[PDB]
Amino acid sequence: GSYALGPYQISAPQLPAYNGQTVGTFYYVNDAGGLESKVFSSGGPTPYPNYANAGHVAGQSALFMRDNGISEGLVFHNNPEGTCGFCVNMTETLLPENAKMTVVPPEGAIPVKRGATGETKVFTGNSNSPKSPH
């Protein structure tokens, strides 16, 4: 399908085959009207190791939106197992208040473990901010 982001109607872009590391592409709209994109990769150092979803594509996207003050965003990833239950329950925490970010798993995704979902999830950030690690 095609998802709306401001005035744009964007579909899923080409992503590398899932090798074991989840790679994703994140789209937003700049303070002018143009469409910008950034690639996020699983792993890497995170400022919140106390949140199990901070190392994921959805968590890195949420933290990016919080840092750069982005209100709307749209991310596509390539993980066939879907979006983990952590990213389901803690994204709105990580996300700044009233920020809208939809996470689109690859089409045809099949969850395996508990909490993982294969459908699109539209998160709405809550007034809660992430707890400091120390």
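From 1 onward, residues are counted along the sequence shown.
Per the PDB record, is the mean Cα temperature factor higher over 43 to 51 or over 79 to 87?
Stretch with the greater average CA B-factor: 43 to 51.
State which stretch shows the higher mean Cα B factor in the entry: 6 to 14 or 108 to 116.
Taking the mean C-alpha B-factor of 6 to 14 and of 108 to 116, the larger value falls to 108 to 116.
Quick one: classify residue 69 as lowest, middle or highest third of the chain based on its Cα B-factor.
Its C-alpha B-factor, which the entry lists for residue 69, ranks in the highest third among residues of this chain.
Among modelled residues of the same chain, the CA temperature factor third for residue 93
Its C-alpha B-factor, which the entry lists for residue 93, ranks in the middle third among residues of this chain.
Ordered by C-alpha B-factor within the chain, which third holds residue 32? Give me lowest, middle or highest, please.
Residue 32: CA B-factor falls in the highest third of its chain.
Chain-wide C-alpha B factor ranking for residue 124, given as lowest, middle or highest third
Middle third, going by the recorded CA B-factors of the chain.
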